[PDB]
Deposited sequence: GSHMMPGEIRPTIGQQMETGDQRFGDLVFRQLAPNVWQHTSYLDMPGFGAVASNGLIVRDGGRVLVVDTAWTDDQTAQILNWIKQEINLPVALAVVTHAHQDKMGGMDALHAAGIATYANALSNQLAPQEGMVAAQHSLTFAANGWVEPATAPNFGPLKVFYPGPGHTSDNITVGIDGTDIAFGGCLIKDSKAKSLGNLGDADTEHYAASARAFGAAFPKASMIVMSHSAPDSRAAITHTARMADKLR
């Protein structure tokens, strides 16, 4: 069920949801999501590079042929925001956690055009997420990074944990270079409680897993 398109891989997860995969030299896969929402397409996370992200837009044109209305990126690291220039070059509205945009220059990333803010319970302030359609954005607390956000896909059983969640076979939570080791466990559990009926957990560096990914990640995080 994987489709190769240039050096990227695309996998349909649901009638209106695909996983995009891009590689950086070993070679490390990074996953994001593409969502068809009526007459438009919404993207979650860039590829590692601008050139790879441009190929995401090419694949969408070929396979979906609907305009990309917006992209949301899940934190200020290269695997999630390394392709911001391809989106901006294409006139696509881009959204990140305000803190991701504030950190972007120090992380060597281009800031998104728009900033998300969050309630004290982690849910996005809806005024800051205009026309997000099925994308339900939740800030679970600091973990992989202080700015990491997560996205549920309304109308589906899918939730995206980005780099916060690792699969149930993971031997480590790496990369922990920018991690909050105190709050990581609670943040992983918060993601599970925010999307309590999601059965397909999509994550940055593993194929989709069951909810065991969340509990397993939280238990590894408890050891930090």
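Going by the record, the unmodelled stretches of the deposited sequence, in order, are 1-19, 45-48, 248.
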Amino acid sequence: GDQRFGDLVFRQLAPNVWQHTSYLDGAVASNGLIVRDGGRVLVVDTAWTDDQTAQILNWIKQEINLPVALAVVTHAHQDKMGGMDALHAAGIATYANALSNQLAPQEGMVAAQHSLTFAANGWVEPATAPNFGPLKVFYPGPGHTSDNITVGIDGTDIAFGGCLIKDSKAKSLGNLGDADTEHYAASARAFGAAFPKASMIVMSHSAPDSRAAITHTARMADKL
From here on, numbers count along this sequence of modelled residues.
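Superpose the two forms; the largest set of C-alphas matching within 1.5 Å is the rigid core.
Stretch comparison, 168-176 versus 193-201: after rigid core superposition, larger RMS CA deviation in 5 other deposited structures of this protein is found for 168-176.
In this entry, 26-34 shows the higher mean Cα temperature factor of the pair 26-34 and 52-60.
For the set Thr128, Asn101, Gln106, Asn121, the PDB entry puts the maximum C-alpha B factor at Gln106. Which of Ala186, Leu66, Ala47, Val43 has the largest Cα B-factor in the deposited entry comes down to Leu66.
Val202 sits in the lowest third of its chain by CA B factor, as recorded in the PDB entry. For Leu173, the recorded CA B-factor ranks within the highest third of the chain. Only modelled residues enter the ranking. When all modelled residues of the chain are sorted by CA temperature factor, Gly152 is found within the lowest third.
Among all modelled residues in this chain, the alpha-carbon of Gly141 has a temperature factor (C-alpha) in the lowest third.
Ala90 sits in the highest third of its chain by CA B factor, as recorded in the PDB entry.
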